[PDB]
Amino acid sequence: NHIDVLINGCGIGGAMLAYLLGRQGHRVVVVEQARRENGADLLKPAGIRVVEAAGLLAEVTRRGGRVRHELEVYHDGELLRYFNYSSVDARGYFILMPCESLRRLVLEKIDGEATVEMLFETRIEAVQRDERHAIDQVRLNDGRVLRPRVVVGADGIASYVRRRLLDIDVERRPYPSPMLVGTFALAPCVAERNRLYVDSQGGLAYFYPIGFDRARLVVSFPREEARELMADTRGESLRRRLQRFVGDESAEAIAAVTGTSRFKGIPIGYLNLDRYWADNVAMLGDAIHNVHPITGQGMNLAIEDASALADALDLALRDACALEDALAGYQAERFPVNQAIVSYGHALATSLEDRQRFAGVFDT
């Protein structure tokens, strides 16, 4: 019952890590509380590099992923910034791909990896540590006992591994504006170009295509206004509010908002843990950092962490270096990258209303 890595959580980060480790022939058990069976949509160049390394890039666009290289940002109805991400660098492009679509693809690949065992509707019950304080035994709620060299927390914003195995508590810092996302019919303007709108009253509306034939609309307003707008389920108050700061180019996208019933809240946190690991326990993704969803980077960073952790763990598992050195390496690589986006998200979210401050944040 000796295994190389026990991964808690089979979200996008956990799945990507399991697949990358499995491809190397490491013995992996993934534990997921939910049945096999909504999240972020964005892959940035660094995330795309991981996907490309995994041999998955072709399948991504085959399954409705969209390559893009432009963004317009409006403030109070007028164009504030236009970004061409590929103007200097041909590989500057980003990809829009639903988290669930990418995860399903990765799970299909894991299905073919003989050294990976995925356990759904399963959870960690108890752990045992050795005299060196490394976890040496883990019992699952099905009665399964495993002896892993490494335990990984890929278990998201409420990480059991963080809270219970590492006994880390995280202060919460709520924001005054929620963010919500709904899915609608795809208007030609949205198929054309991603457009983000914000206003001096704290409104935000971001329209972008998703999959083959749908569009997302991500919105944010101060809490009580957002409540009012969502309460009018036939959508009239929301369309009217949008019309206040969203210009004609997106008129059809506003018209596509036929109701509010299917809007979903998005989690908003602010975190970058000072330690990404302790003993033989490492964490990735939302377990170690929470970025404001205005950045779009929740999935992307989980994928970037997974790749860096796969590299570090591969080295430790091959005995190319001590686990403690490998994990220290993982933190050194990832922490400044994750930190920069956490800071950026908070700066963006808090500067919305102030046009030049907001523009200032974009430039850096």
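Heads up: residue numbers just count along the shown sequence, starting at 1.
- In the deposited entry, the stretch joining residue 37 to residue 38 is interrupted by 1 to 3 residues of the deposited sequence lacking coordinates.
- With 246-254 and 96-104 compared on mean CA B-factor from the PDB entry, the stretch scoring higher is 246-254.
- Between 282-290 and 135-143, the higher mean Cα B-factor belongs to 135-143.
- Reading the B-factor column for the CA atoms of 199, 171, 72, 78 in the entry, the top value corresponds to 171.
- The residue among 152, 219, 189, 126 whose C-alpha carries the highest B-factor in the deposited model is 126.
- When the CA B factors of the chain's modelled residues are split into thirds, the value for residue 235 lands in the highest one.
- Ranked within its chain, residue 298 lands in the lowest third, by CA B factor from the PDB record.
- Ranked within its chain, residue 12 lands in the lowest third, by CA B factor from the PDB record.
- In the PDB entry, residue 319 places in the highest third of its chain by CA B-factor.
- Among the modelled residues of its chain, residue 58 has a C-alpha B-factor that falls in the middle third according to the deposited record.
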